[PDB]
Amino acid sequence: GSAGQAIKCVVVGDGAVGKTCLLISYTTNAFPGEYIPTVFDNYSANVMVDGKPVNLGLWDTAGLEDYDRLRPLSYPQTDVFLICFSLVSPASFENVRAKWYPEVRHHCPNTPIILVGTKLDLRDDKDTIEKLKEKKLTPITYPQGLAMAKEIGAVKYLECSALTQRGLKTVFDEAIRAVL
């Protein structure tokens, strides 16, 4: 496992959508139940996609509203963007069209977008679905996610879970395939 193509991949999204967790779950195959905010963090993994080696540089960004002036310093020379929203959080899902698409285009208008749907395992959970009922809310279904991806002009809409790792690998593989 020697050197490969350096592909930069910045992950953006609100707090508690699951940006940090799906990066730690992908690289380390571990899931932290503990929630700690990250202003900015970075990971990497030497992987093989379509018979070509890739040194996938991963740039984890802050989701809070207080890091708007500090977040865009990690944007330059980006090869792909992962706009991450939780499927169990409509607010986050609208913040995609409301903020992220404007923001990532504003700094990097020509760099691809991969619209990722986080916490896929919670969409079909009585506990989690009763609380949405409780707060008068219906989980963001696949058609909505795809329709949103088509609007912002994202090359692929993927949905995955950092805990179960259902379709976690496909997100990064498609993230790399967009820059080959």
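The first residue of the shown sequence is 1; numbering continues from there.
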property: Greater mean Cα temperature factor according to the PDB record, 56-64 or 131-139; result: 131-139
property: Selection by C-alpha B-factor (highest) of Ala30, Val49, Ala45, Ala149; result: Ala149
property: Ranked C-alpha temperature factor of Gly117 among modelled chain residues, by third; result: lowest
property: Relative C-alpha B-factor of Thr78, binned into the chain's lowest, middle or highest third; result: lowest
property: Record-listed C-alpha B factor of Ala6: chain third; result: lowest
property: Cα B factor band for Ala16 (lowest, middle or highest third within the chain); result: highest
